[PDB]
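Next comes protein.txt, a file with compact mmCIF, C-alpha atoms and all ligand atoms.
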```txt
# COMPACT_ATOMS: atom_id res chain seq x y z
CA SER A 1 -94.06 131.66 -71.63
CA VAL A 2 -95.33 134.87 -73.21
CA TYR A 3 -98.43 135.64 -75.28
CA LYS A 4 -97.50 136.74 -78.80
CA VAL A 5 -99.99 139.31 -80.13
CA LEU A 6 -99.78 140.53 -83.74
CA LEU A 7 -101.02 143.97 -84.80
CA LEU A 8 -102.57 144.01 -88.26
CA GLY A 9 -104.55 146.60 -90.23
CA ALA A 10 -104.20 149.31 -92.89
CA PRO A 11 -101.57 152.08 -92.75
CA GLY A 12 -102.09 155.06 -90.46
CA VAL A 13 -104.83 153.43 -88.39
CA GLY A 14 -102.78 153.80 -85.20
CA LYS A 15 -101.13 150.40 -84.76
CA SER A 16 -97.82 151.75 -83.53
CA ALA A 17 -99.63 154.22 -81.28
CA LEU A 18 -101.62 151.54 -79.45
CA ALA A 19 -98.58 149.31 -78.98
CA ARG A 20 -96.46 152.20 -77.74
CA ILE A 21 -99.08 153.22 -75.15
CA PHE A 22 -99.48 149.64 -73.96
CA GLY A 23 -95.89 149.72 -72.69
CA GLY A 24 -95.63 150.75 -70.10
CA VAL A 25 -93.49 151.54 -67.03
CA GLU A 26 -91.92 148.12 -66.39
CA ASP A 27 -89.32 145.84 -67.98
CA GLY A 28 -91.10 143.44 -70.32
CA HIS A 29 -90.04 146.05 -82.77
CA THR A 30 -91.85 144.10 -80.05
CA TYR A 31 -93.40 145.38 -76.82
CA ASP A 32 -93.46 143.20 -73.71
CA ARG A 33 -95.56 143.96 -70.62
CA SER A 34 -96.83 141.83 -67.76
CA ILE A 35 -100.38 142.58 -66.64
CA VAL A 36 -102.80 141.14 -64.09
CA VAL A 37 -105.96 139.96 -65.84
CA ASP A 38 -108.63 138.67 -63.46
CA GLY A 39 -106.13 138.08 -60.65
CA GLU A 40 -103.93 136.04 -62.97
CA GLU A 41 -100.62 137.33 -64.31
CA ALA A 42 -99.93 137.16 -68.04
CA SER A 43 -96.96 138.44 -70.03
CA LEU A 44 -97.79 139.99 -73.41
CA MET A 45 -95.44 140.40 -76.37
CA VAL A 46 -97.07 143.00 -78.62
CA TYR A 47 -95.73 142.66 -82.17
CA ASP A 48 -95.92 145.62 -84.54
CA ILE A 49 -95.21 143.53 -87.64
CA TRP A 50 -95.35 146.37 -90.19
CA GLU A 51 -92.63 148.27 -88.31
CA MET A 52 -95.62 132.73 -83.25
CA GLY A 53 -99.08 134.23 -82.96
CA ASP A 54 -101.25 133.64 -79.91
CA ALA A 55 -103.72 136.31 -81.04
CA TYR A 56 -104.27 138.80 -83.86
CA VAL A 57 -105.44 142.38 -83.50
CA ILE A 58 -106.91 144.02 -86.58
CA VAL A 59 -106.91 147.79 -86.20
CA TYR A 60 -108.89 150.22 -88.34
CA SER A 61 -109.74 153.93 -88.14
CA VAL A 62 -113.39 154.85 -87.55
CA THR A 63 -112.72 157.87 -89.76
CA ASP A 64 -111.60 155.72 -92.67
CA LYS A 65 -114.10 153.23 -94.07
CA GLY A 66 -111.44 151.82 -96.40
CA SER A 67 -109.49 150.43 -93.45
CA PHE A 68 -112.71 148.93 -92.11
CA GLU A 69 -113.34 146.89 -95.25
CA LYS A 70 -109.64 145.99 -95.39
CA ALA A 71 -110.10 144.58 -91.88
CA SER A 72 -112.98 142.32 -92.96
CA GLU A 73 -110.83 140.95 -95.79
CA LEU A 74 -107.96 140.29 -93.39
CA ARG A 75 -110.33 138.54 -91.00
CA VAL A 76 -111.59 136.37 -93.85
CA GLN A 77 -107.99 135.75 -94.95
CA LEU A 78 -106.86 134.71 -91.44
CA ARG A 79 -109.79 132.31 -91.16
CA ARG A 80 -108.87 130.69 -94.48
CA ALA A 81 -105.32 129.77 -93.46
CA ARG A 82 -105.55 129.07 -89.72
CA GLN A 83 -107.64 126.05 -88.72
CA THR A 84 -108.25 124.72 -86.34
CA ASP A 85 -106.03 126.43 -83.77
CA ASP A 86 -108.40 129.33 -84.38
CA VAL A 87 -106.51 131.84 -82.30
CA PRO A 88 -108.80 134.65 -81.00
CA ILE A 89 -109.17 137.67 -83.29
CA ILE A 90 -110.05 141.16 -82.06
CA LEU A 91 -111.47 143.88 -84.29
CA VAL A 92 -110.39 147.32 -83.10
CA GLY A 93 -111.86 150.60 -84.32
CA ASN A 94 -109.24 153.17 -83.36
CA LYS A 95 -109.41 156.99 -83.32
CA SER A 96 -112.74 157.23 -81.50
CA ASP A 97 -111.79 160.76 -80.41
CA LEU A 98 -112.33 162.12 -83.93
CA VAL A 99 -116.12 162.23 -83.63
CA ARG A 100 -116.50 164.49 -86.68
CA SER A 101 -114.60 162.59 -89.36
CA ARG A 102 -116.08 159.27 -88.23
CA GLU A 103 -117.19 157.16 -91.20
CA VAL A 104 -117.91 153.94 -89.32
CA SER A 105 -120.50 153.67 -86.54
CA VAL A 106 -120.03 151.71 -83.33
CA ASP A 107 -122.83 149.35 -84.34
CA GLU A 108 -121.46 148.76 -87.84
CA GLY A 109 -118.15 147.62 -86.39
CA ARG A 110 -119.80 145.50 -83.71
CA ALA A 111 -122.02 143.94 -86.36
CA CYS A 112 -119.20 142.89 -88.71
CA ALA A 113 -117.29 141.69 -85.64
CA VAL A 114 -119.97 139.26 -84.49
CA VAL A 115 -120.80 137.89 -87.96
CA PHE A 116 -117.10 137.45 -88.78
CA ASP A 117 -116.37 135.79 -85.45
CA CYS A 118 -114.45 138.72 -83.90
CA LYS A 119 -114.10 140.45 -80.53
CA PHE A 120 -115.12 144.14 -80.95
CA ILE A 121 -113.92 147.25 -79.13
CA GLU A 122 -113.38 150.90 -80.01
CA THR A 123 -110.20 152.53 -78.71
CA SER A 124 -108.58 155.95 -78.69
CA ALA A 125 -104.79 155.90 -78.68
CA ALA A 126 -104.86 159.70 -78.65
CA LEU A 127 -106.90 159.59 -75.45
CA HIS A 128 -105.53 156.34 -74.00
CA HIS A 129 -109.15 155.12 -73.98
CA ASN A 130 -109.94 151.39 -74.02
CA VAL A 131 -106.28 150.70 -74.81
CA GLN A 132 -105.82 148.77 -71.58
CA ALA A 133 -109.20 147.09 -71.96
CA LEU A 134 -108.18 145.93 -75.44
CA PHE A 135 -105.13 144.03 -74.25
CA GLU A 136 -106.99 142.74 -71.21
CA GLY A 137 -109.59 141.31 -73.56
CA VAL A 138 -106.86 139.77 -75.69
CA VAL A 139 -105.43 137.92 -72.69
CA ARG A 140 -108.96 137.08 -71.57
CA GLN A 141 -109.78 135.81 -75.06
CA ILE A 142 -106.60 133.76 -75.46
CA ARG A 143 -107.40 131.82 -72.28
CA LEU A 144 -111.02 131.12 -73.21
CA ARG A 145 -109.60 128.78 -75.85
CA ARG A 146 -107.18 126.33 -74.21
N1 LIG B 201 -106.68 161.85 -83.44
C1 LIG B 201 -106.08 160.66 -83.34
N2 LIG B 201 -104.97 160.43 -84.03
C2 LIG B 201 -104.49 159.18 -83.81
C3 LIG B 201 -105.00 158.19 -83.01
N3 LIG B 201 -104.20 157.05 -83.07
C4 LIG B 201 -103.25 157.37 -83.90
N4 LIG B 201 -103.36 158.65 -84.39
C5 LIG B 201 -102.48 159.33 -85.33
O1 LIG B 201 -102.52 158.62 -86.55
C6 LIG B 201 -101.21 158.66 -87.17
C7 LIG B 201 -100.73 157.25 -87.43
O2 LIG B 201 -100.38 156.60 -86.23
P1 LIG B 201 -99.58 155.24 -86.30
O3 LIG B 201 -99.53 154.67 -84.94
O4 LIG B 201 -98.30 155.53 -86.98
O5 LIG B 201 -100.39 154.34 -87.23
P2 LIG B 201 -99.76 153.15 -87.93
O6 LIG B 201 -100.82 152.12 -88.04
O7 LIG B 201 -98.54 152.81 -87.15
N5 LIG B 201 -99.33 153.65 -89.37
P3 LIG B 201 -98.29 152.93 -90.33
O8 LIG B 201 -98.96 151.76 -91.01
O9 LIG B 201 -97.78 154.02 -91.24
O10 LIG B 201 -97.25 152.29 -89.45
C8 LIG B 201 -100.33 159.49 -86.25
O11 LIG B 201 -100.33 160.85 -86.67
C9 LIG B 201 -101.02 159.36 -84.90
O12 LIG B 201 -100.77 160.49 -84.07
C10 LIG B 201 -106.18 158.45 -82.27
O13 LIG B 201 -106.78 157.69 -81.50
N6 LIG B 201 -106.66 159.74 -82.50
CA CA B 202 -93.26 147.17 -70.17
MG MG B 203 -96.22 151.98 -87.47
```
Let's see the structure in the file written out as structure tokens.
Amino acid sequence: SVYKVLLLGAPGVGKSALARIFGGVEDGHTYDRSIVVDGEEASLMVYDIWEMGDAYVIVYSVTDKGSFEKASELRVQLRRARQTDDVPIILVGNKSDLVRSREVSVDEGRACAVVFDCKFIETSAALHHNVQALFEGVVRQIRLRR
């Protein structure tokens, strides 16, 4: 048993980058990596679809507001097609390192996350920041809904 995680979002947001970083000196395009989350092992199968579904990860760039709105629409779309079996959905604002070209604030993303029933987190593939945390939250979010 593995946890299938799909990566969604607009082009160039850093979907391939995050998946690539997640794996990951081990031994299991799809990326497989076993990780210990809260003392409990869990195998993840990261799916970079654009290159079933236990969870969906919607990635957007904080330096591109267009990808942010596109994320909201995808979140709405997923909702209106998957019920119940409401698999956990995580909103990810990638490219947090680019603090000059940022068009979306941390609060703005966290706001739309909570109102649209999403898990929020900002990551930086370039800096390997919150990348781990993201996939640890995914596993932690998948469980929360047996
Ligand atoms: N500065 C910075 N650049 C990043 C970050 N994440 C990704 N990039 C850059 O953004 C570009 C797109 O990365 P990529 O992973 O291909 O995004 P993608 O979502 O796979 N794009 P596509 O839809 O074309 O497949 C690359 O040049 C990559 O180096 C980040 O956190 N910071
Ligand atoms: Ca691996
Ligand atoms: Mg790609």
When you count all atoms listed in the file, which of these residues is closest to residue 108 of chain A: A:57, A:121, A:90, A:144? A:121
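A straight line drawn from atom CA of residue 18 of chain A to atom CA of residue 93 of chain A is 11.4 Å long.
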Contacts of ligand LIG 201 (chain B), 10 Å or closer, all atoms listed in the file, given as a VMD selection string: chain A and resid 7 to 21 48 to 51 59 to 63 93 to 99 101 122 to 129 131
As a compact mmCIF listing (two decimals) with C-alpha atoms, keeping the file's coordinate frame, please: the residues near residue 46 of chain A (cut-off 9 Å, all atoms listed in the file, same-chain neighbours under 5 positions excluded).
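Written output follows (part28.txt):
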```txt
# COMPACT_ATOMS: atom_id res chain seq x y z
CA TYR A 3 -98.43 135.64 -75.28
CA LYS A 4 -97.50 136.74 -78.80
CA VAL A 5 -99.99 139.31 -80.13
CA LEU A 6 -99.78 140.53 -83.74
CA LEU A 7 -101.02 143.97 -84.80
CA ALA A 19 -98.58 149.31 -78.98
CA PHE A 22 -99.48 149.64 -73.96
CA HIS A 29 -90.04 146.05 -82.77
CA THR A 30 -91.85 144.10 -80.05
CA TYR A 31 -93.40 145.38 -76.82
CA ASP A 32 -93.46 143.20 -73.71
CA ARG A 33 -95.56 143.96 -70.62
```
Closest of A:117, A:44, A:2, A:37 to ligand CA 202 (chain B) - atom-to-atom distances counting only C-alpha atoms and all ligand atoms: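 Selected residue with least distance to ligand CA 202 (chain B): A:44.
Selecting all polymer residues at most 7 Å from ligand CA 202 (chain B), using only C-alpha atoms and all ligand atoms, gives residues 23, 24, 25, 26, 27, 28, 31, 32, 33 and 34 of chain A.
Atom CA of residue 112 of chain A to atom CA of residue 72 of chain A spans 7.6 Å [interatomic distance, one decimal].
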Please determine the residues with any atom at most 10 Å from (-100.7, 129.6, -84.2) (coordinates as given in the file, with only C-alpha atoms counting) and report them as a JSON list (two decimals) with C-alpha atoms, in the coordinates of the input.
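Once everything was written out, this is selection38.json:
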```
[["chain", "number", "residue", "atom", "x", "y", "z"],
["A", 4, "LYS", "CA", -97.50, 136.74, -78.80],
["A", 52, "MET", "CA", -95.62, 132.73, -83.25],
["A", 53, "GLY", "CA", -99.08, 134.23, -82.96],
["A", 54, "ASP", "CA", -101.25, 133.64, -79.91],
["A", 55, "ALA", "CA", -103.72, 136.31, -81.04],
["A", 56, "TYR", "CA", -104.27, 138.80, -83.86],
["A", 82, "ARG", "CA", -105.55, 129.07, -89.72],
["A", 83, "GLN", "CA", -107.64, 126.05, -88.72],
["A", 84, "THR", "CA", -108.25, 124.72, -86.34],
["A", 85, "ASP", "CA", -106.03, 126.43, -83.77],
["A", 86, "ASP", "CA", -108.40, 129.33, -84.38],
["A", 87, "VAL", "CA", -106.51, 131.84, -82.30]]
```
Between A:47, A:35, A:1, A:109, which one has atoms that come closest to ligand MG 203 (chain B), using all atoms listed in the file?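 Smallest distance to ligand MG 203 (chain B) is found for A:47.
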Go ahead and compute the interatomic distance for atom CA of residue 141 of chain A and atom CA of residue 68 of chain A, in Å to one decimal.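 According to the coordinates, atom CA of residue 141 of chain A and atom CA of residue 68 of chain A are separated by 21.7 Å.
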Fewer than 6 positions away in the same chain doesn't count, so skip those; otherwise give me all residues within 6 Å of residue 91 of chain A, counting only C-alpha atoms, as an MDAnalysis selection string. chainID A and resid 58 118:120
